[PDB]
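# just need the structure, nothing else, for what follows:
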Amino acid sequence: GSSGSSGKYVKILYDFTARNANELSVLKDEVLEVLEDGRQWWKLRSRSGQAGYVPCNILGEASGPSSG
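Numbers count the residues shown, from 1 in each chain. Sure, the structure comes next:
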């Protein structure tokens, strides 16, 4: 089952079009769920239930104004 309920996320900076399955298709101003980090390409997962790899170049730190 679910391990953690409170982790981290990434806010897409540039709209990316997954060239293949291995890749994930995201848009700008989007927030996916980071699964694998500290690696060449991160593995995010859309709300649709899809998971792919993308460049961290477009990735960016996601933070909120009021949320401890």
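# the strands in this structure, which residues?
Ranges of strands within the chain are 10-11, 31-36, 41-45, 51-55, based on DSSP state E.
# JSON lines for the ones you listed, including distance to residue 3?
(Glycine included, C-beta is placed from N, CA and C.) As requested, the strands of the chain are arranged in JSON lines below (distance: least, C-beta to C-beta, whole Å):
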{"stretch": "strand 10-11", "distance to residue 3": "19"}
{"stretch": "strand 31-36", "distance to residue 3": "11"}
{"stretch": "strand 41-45", "distance to residue 3": "14"}
{"stretch": "strand 51-55", "distance to residue 3": "16"}
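# dump those strands into JSON lines; add mean neighbour count as well.
JSON lines is the format used below for the strands of the chain (neighbours: other C-beta atoms under 10 Å):
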{"stretch": "strand 10-11", "mean neighbour count": "18"}
{"stretch": "strand 31-36", "mean neighbour count": "16"}
{"stretch": "strand 41-45", "mean neighbour count": "19"}
{"stretch": "strand 51-55", "mean neighbour count": "18"}
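# what's the closest of those to residue 19?
Counting by C-beta to C-beta, residue 19 lies closest to strand 51-55 out of the strands of the chain; the figure is 9.9 Å.
# so what touches the closest one?
For strand 51-55, contacts defined as C-beta atoms under 8 Å, 6 or more residues apart in numbering pick out 16, 18, 21-26, 35, 41-45.
# tell me the one of those residues nearest residue 64?
residue 44 (18.0 Å).
# which residue is the nearest non-sequential neighbour of that closest one?
Distance criterion C-beta to C-beta, 6 or more residues apart in numbering; nearest residue to residue 44, sequence neighbours excluded, is residue 32 at 3.4 Å.
# please report how far that neighbour lies from residue 46.
6 Å (C-beta to C-beta, to the nearest Å).
# give the intersection of the neighbour lists for those two.
Common contact partners of residue 32 and residue 46 (C-beta under 8 Å, 6+ apart): 24, 26.
# who touches stretch 3-18?
Under C-beta under 8 Å, 6+ apart, the answer for stretch 3-18 is 23-34, 42, 44, 52, 54-55, 58-62.
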